[PDB]
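What follows is a single structure, written as structure tokens, with notes after it.
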Amino acid sequence: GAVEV
Amino acid sequence: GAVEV
Amino acid sequence: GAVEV
Amino acid sequence: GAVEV
Amino acid sequence: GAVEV
Amino acid sequence: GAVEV
Amino acid sequence: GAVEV
Amino acid sequence: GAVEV
Amino acid sequence: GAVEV
Amino acid sequence: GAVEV
Amino acid sequence: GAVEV
Amino acid sequence: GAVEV
Amino acid sequence: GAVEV
Amino acid sequence: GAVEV
Amino acid sequence: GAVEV
Amino acid sequence: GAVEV
Amino acid sequence: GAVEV
Amino acid sequence: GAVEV
Amino acid sequence: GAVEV
Amino acid sequence: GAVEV
Amino acid sequence: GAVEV
Amino acid sequence: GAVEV
Amino acid sequence: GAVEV
Amino acid sequence: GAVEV
Amino acid sequence: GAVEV
Amino acid sequence: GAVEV
Amino acid sequence: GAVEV
Amino acid sequence: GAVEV
Amino acid sequence: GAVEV
Amino acid sequence: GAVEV
Amino acid sequence: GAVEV
Amino acid sequence: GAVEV
Amino acid sequence: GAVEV
Amino acid sequence: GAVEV
Amino acid sequence: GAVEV
Amino acid sequence: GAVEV
Amino acid sequence: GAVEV
Amino acid sequence: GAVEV
Amino acid sequence: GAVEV
Amino acid sequence: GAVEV
Amino acid sequence: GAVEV
Amino acid sequence: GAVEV
Amino acid sequence: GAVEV
Amino acid sequence: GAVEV
Amino acid sequence: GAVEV
Ligand SMILES: *C(=O)c1ccc(-c2ccc(-c3ccc(C(*)=O)cc3)s2)cc1
Ligand SMILES: *C(=O)c1ccc(-c2ccc(-c3ccc(C(*)=O)cc3)s2)cc1
Ligand SMILES: *C(=O)c1ccc(-c2ccc(-c3ccc(C(*)=O)cc3)s2)cc1
Ligand SMILES: *C(=O)c1ccc(-c2ccc(-c3ccc(C(*)=O)cc3)s2)cc1
Ligand SMILES: *C(=O)c1ccc(-c2ccc(-c3ccc(C(*)=O)cc3)s2)cc1
Ligand SMILES: *C(=O)c1ccc(-c2ccc(-c3ccc(C(*)=O)cc3)s2)cc1
Ligand SMILES: *C(=O)c1ccc(-c2ccc(-c3ccc(C(*)=O)cc3)s2)cc1
Ligand SMILES: *C(=O)c1ccc(-c2ccc(-c3ccc(C(*)=O)cc3)s2)cc1
Ligand SMILES: *C(=O)c1ccc(-c2ccc(-c3ccc(C(*)=O)cc3)s2)cc1
Ligand SMILES: *C(=O)c1ccc(-c2ccc(-c3ccc(C(*)=O)cc3)s2)cc1
Ligand SMILES: *C(=O)c1ccc(-c2ccc(-c3ccc(C(*)=O)cc3)s2)cc1
Ligand SMILES: *C(=O)c1ccc(-c2ccc(-c3ccc(C(*)=O)cc3)s2)cc1
Ligand SMILES: *C(=O)c1ccc(-c2ccc(-c3ccc(C(*)=O)cc3)s2)cc1
Ligand SMILES: *C(=O)c1ccc(-c2ccc(-c3ccc(C(*)=O)cc3)s2)cc1
Ligand SMILES: *C(=O)c1ccc(-c2ccc(-c3ccc(C(*)=O)cc3)s2)cc1
Ligand SMILES: *C(=O)c1ccc(-c2ccc(-c3ccc(C(*)=O)cc3)s2)cc1
Ligand SMILES: *C(=O)c1ccc(-c2ccc(-c3ccc(C(*)=O)cc3)s2)cc1
Ligand SMILES: *C(=O)c1ccc(-c2ccc(-c3ccc(C(*)=O)cc3)s2)cc1
Ligand SMILES: *C(=O)c1ccc(-c2ccc(-c3ccc(C(*)=O)cc3)s2)cc1
Ligand SMILES: *C(=O)c1ccc(-c2ccc(-c3ccc(C(*)=O)cc3)s2)cc1
Ligand SMILES: *C(=O)c1ccc(-c2ccc(-c3ccc(C(*)=O)cc3)s2)cc1
Ligand SMILES: *C(=O)c1ccc(-c2ccc(-c3ccc(C(*)=O)cc3)s2)cc1
Ligand SMILES: *C(=O)c1ccc(-c2ccc(-c3ccc(C(*)=O)cc3)s2)cc1
Ligand SMILES: *C(=O)c1ccc(-c2ccc(-c3ccc(C(*)=O)cc3)s2)cc1
Ligand SMILES: *C(=O)c1ccc(-c2ccc(-c3ccc(C(*)=O)cc3)s2)cc1
Ligand SMILES: *C(=O)c1ccc(-c2ccc(-c3ccc(C(*)=O)cc3)s2)cc1
Ligand SMILES: *C(=O)c1ccc(-c2ccc(-c3ccc(C(*)=O)cc3)s2)cc1
Ligand SMILES: *C(=O)c1ccc(-c2ccc(-c3ccc(C(*)=O)cc3)s2)cc1
Ligand SMILES: *C(=O)c1ccc(-c2ccc(-c3ccc(C(*)=O)cc3)s2)cc1
Ligand SMILES: *C(=O)c1ccc(-c2ccc(-c3ccc(C(*)=O)cc3)s2)cc1
């Protein structure tokens with residue numbers, strides 16, 4: 001996945 | 001998935 | 001999926 | 001799906 | 001689906 | 001689908 | 001899917 | 001999927 | 001998937 | 001996957 | 001995977 | 001979805 | 001959906 | 001839907 | 001989804 | 001258990 | 001269990 | 001357990 | 001497991 | 001496990 | 001394990 | 001345990 | 001383990 | 001997803 | 001344990 | 001282990 | 001995902 | 001233990 | 001081990 | 001993922 | 001232990 | 001071991 | 001991942 | 001121990 | 001995965 | 001070992 | 001994998 | 001990963 | 001011990 | 001994975 | 001061993 | 001793997 | 001993996 | 001692997 | 001792995 005912050 | 005914050 | 005916040 | 005908040 | 005809040 | 005609470 | 005809480 | 005809380 | 005909190 | 005907190 | 005905090 | 005056993 | 005066993 | 005066993 | 005055993 | 005929604 | 005909605 | 005939503 | 005007051 | 005007041 | 005006030 | 005959401 | 005006030 | 005045992 | 005979200 | 005105020 | 005035992 | 005998110 | 005105020 | 005025992 | 005996120 | 005204020 | 005025993 | 005993130 | 005910050 | 005203010 | 005904090 | 005015993 | 005991240 | 005900061 | 005202010 | 005902090 | 005900073 | 005701090 | 005700074 002890809003967590004973006 | 002992709003969590004966006 | 002995609003959770004948006 | 002897509003949860004929006 | 002799509003939950004909106 | 002869609003479900004709240 | 002989509003689920004809140 | 002998508003799940004919040 | 002995607003999950004917050 | 002993707003998970004925050 | 002991906003995990004924050 | 002939302003399972004509460 | 002929403003299962004409450 | 002909403003199952004309450 | 002969201003399992004609360 | 002004892003589920004109170 | 002004992003489900004109170 | 002004892003789930004209070 | 002069972003609910004009370 | 002069971003819920004109280 | 002069980003919930004109280 | 002004792003889950004309070 | 002169980003939750004209190 | 002989000003398991004709360 | 002005693003999970004408070 | 002159990003949560004308090 | 002997010003397991004809270 | 002005693003998890004407070 | 002258990003959480004306090 | 002994110003295990004909180 | 002006593003995990004406060 | 002346990003957390004305080 | 002991220003284990004917090 | 002006593003983990004505060 | 002890929003965490004971005 | 002336990003955390004304080 | 002990928003994990004922050 | 002990141003173990004915090 | 002007493003881990004503060 | 002790949003953590004970016 | 002335990003952490004203080 | 002990959003881990004920061 | 002590869003941590004970049 | 002890869003770990004910073 | 002490879003940490004880059
Ligand atoms: C060999 O067995 C093998 C198996 C899996 C892989 C993967 C490379 C990237 C993967 C991945 C990317 C992004 C996400 C989230 O969006 C999840 C997994 S798996 C390589 C070699
Ligand atoms: C080899 O067996 C293999 C299997 C799976 C993969 C994946 C690469 C990216 C994946 C992914 C991306 C994004 C999301 C969320 O949106 C979930 C999974 S799986 C690579 C190699
Ligand atoms: C190889 O076996 C394989 C299987 C699945 C995948 C996926 C790439 C992205 C996926 C995904 C994206 C977004 C969402 C939510 O909207 C859910 C799943 S699965 C790659 C390779
Ligand atoms: C390979 O087997 C495979 C299977 C499924 C997928 C998916 C990519 C995105 C998906 C998805 C997106 C959005 C939602 C909610 O709206 C649910 C699922 S599944 C990729 C590869
Ligand atoms: C491959 O097998 C595969 C199967 C399903 C999918 C999906 C992509 C998005 C989906 C979806 C979107 C929105 C909702 C709610 O409105 C429910 C499902 S399923 C991709 C690939
Ligand atoms: C060994 O042969 C083998 C079997 C399974 C896998 C996986 C590839 C991608 C995986 C994955 C990544 C991210 C997520 C996020 O939820 C879920 C699954 S497992 C590799 C090698
Ligand atoms: C094996 O290949 C396999 C079997 C099942 C799955 C699932 C991914 C998400 C699932 C799910 C989503 C939502 C709910 C109600 O929340 C229940 C199950 S099953 C992946 C791979
Ligand atoms: C195997 O390939 C497989 C079997 C089932 C699934 C499911 C994903 C989500 C499911 C679901 C959603 C919502 C509800 C009522 O909430 C019940 C089940 S089943 C994925 C893959
Ligand atoms: C296998 O491919 C498979 C079988 C069933 C499913 C389901 C996804 C959501 C389902 C569902 C939604 C809502 C309700 C009443 O809430 C009951 C079931 S079944 C996915 C994949
Ligand atoms: C084996 O190859 C295999 C079997 C299952 C899986 C799953 C990845 C995510 C799953 C899932 C997502 C969401 C929910 C309700 O949250 C339940 C299960 S199962 C990967 C690989
Ligand atoms: C069909 O196999 C089937 C479905 C459910 C069950 C259950 C065994 C124990 C259950 C339960 C225990 C405790 C509580 C809360 O106090 C709620 C449900 S359901 C057996 C067989
Ligand atoms: C058809 O197989 C079938 C469907 C449900 C069941 C159940 C076994 C135990 C159940 C249950 C236990 C405890 C509580 C709450 O106190 C609620 C349901 S249902 C068996 C067979
Ligand atoms: C079908 O095999 C089946 C499904 C569930 C169960 C359960 C065994 C113990 C359960 C339970 C224990 C404690 C609490 C909270 O106090 C809630 C559920 S469910 C057995 C068999
Ligand atoms: C089906 O095998 C099955 C599913 C769950 C269980 C459980 C054993 C202990 C459980 C439990 C203990 C404590 C708490 C919180 O106080 C919640 C659940 S569930 C047995 C068999
Ligand atoms: C073996 O090859 C194998 C089996 C399972 C897996 C999984 C990677 C991520 C999984 C998962 C993601 C999300 C959720 C609900 O959060 C549950 C499970 S299973 C990888 C490799
Ligand atoms: C099915 O084997 C199964 C699933 C869970 C369990 C559990 C044993 C102890 C559990 C537990 C202990 C303490 C707390 C918090 O106070 C929460 C859960 S679950 C046994 C068997
Ligand atoms: C053996 O080859 C094997 C078995 C499982 C795995 C997994 C890598 C990541 C997994 C996972 C990701 C996310 C979640 C919910 O967060 C649960 C499990 S399993 C790798 C290699
Ligand atoms: C199934 O084997 C199974 C799953 C979990 C367990 C547990 C034993 C002790 C547990 C626990 C102790 C303390 C705390 C926090 O106070 C939380 C969980 S879970 C046994 C068997
Ligand atoms: C043996 O060859 C083997 C077995 C498992 C593994 C894993 C590497 C990362 C794993 C994992 C990642 C993320 C999560 C949820 O965070 C859980 C497990 S398992 C490598 C080699
Ligand atoms: C299944 O074997 C299983 C899983 C976990 C355990 C645990 C033994 C002690 C645990 C624990 C001690 C202290 C704290 C924080 O105060 C948290 C967890 S879990 C036994 C058996
Ligand atoms: C033996 O050959 C062997 C077994 C396991 C491993 C692992 C390397 C990294 C692992 C891992 C990464 C991430 C997480 C969740 O962070 C859990 C485990 S296992 C190497 C060699
Ligand atoms: C399954 O064998 C298992 C897993 C964990 C344990 C633990 C023994 C002591 C633990 C612990 C002590 C102190 C603190 C912080 O105060 C946190 C965890 S876990 C036993 C058995
Ligand atoms: C040989 O067995 C083997 C197995 C897996 C790999 C991987 C190279 C990159 C991987 C990966 C990239 C990105 C992500 C997240 O997006 C997850 C896994 S696995 C090499 C050699
Ligand atoms: C024996 O040949 C052997 C067994 C395990 C290993 C490992 C090298 C790195 C490992 C690891 C990396 C990351 C994490 C979560 O950070 C956990 C374990 S195990 C080498 C040689
Ligand atoms: C399973 O054998 C197992 C895992 C961990 C332990 C522990 C013994 C002492 C522990 C501990 C002491 C002090 C502190 C910080 O104050 C944190 C952890 S863990 C026993 C058995
Ligand atoms: C020989 O057994 C072997 C097995 C694995 C590898 C890998 C080289 C790079 C890997 C990797 C790259 C990036 C990521 C994250 O995105 C995860 C794993 S595994 C070499 C030789
Ligand atoms: C000895 O024969 C043996 C068995 C396993 C391995 C591994 C190669 C790459 C590994 C690894 C690197 C980085 C990460 C990050 O999470 C996880 C696993 S273990 C070498 C030699
Ligand atoms: C011989 O047994 C052996 C096993 C593993 C290796 C590896 C060379 C590079 C590796 C690696 C690169 C990058 C990453 C992160 O992205 C993780 C592992 S493993 C050499 C020889
Ligand atoms: C002896 O025969 C033996 C068994 C395992 C290994 C390993 C080769 C590469 C390893 C490794 C490097 C870096 C990382 C980062 O997380 C994980 C595993 S262990 C050598 C010799
Ligand atoms: C003989 O047993 C043996 C085993 C492992 C190796 C390795 C050479 C380079 C390795 C490595 C490179 C880079 C990374 C991170 O990206 C991790 C491991 S292992 C040589 C000889």
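Positions of Cβ are backbone-derived with ideal geometry, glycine not excepted, and every protein chain shown enters the neighbour counts. Each reported figure results from applying straightforward, stated rules to the coordinates on display, with no laboratory input.
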| task | Just grab the label-to-label distance for B:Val5 and AS:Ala2, each label 7 Å out from Cα along the Cβ direction, in nm (one decimal). | result | 3.1
| Among AQ:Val3, A:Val5, AJ:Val3, which comes first, then next, by fewest other beta-carbon atoms within 10 Å? | A:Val5, AJ:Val3, AQ:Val3
| task | Give the Cα extents of the protein assembly as shown along the principal axes, in whole Å, largest first. | result | 59, 48, 24
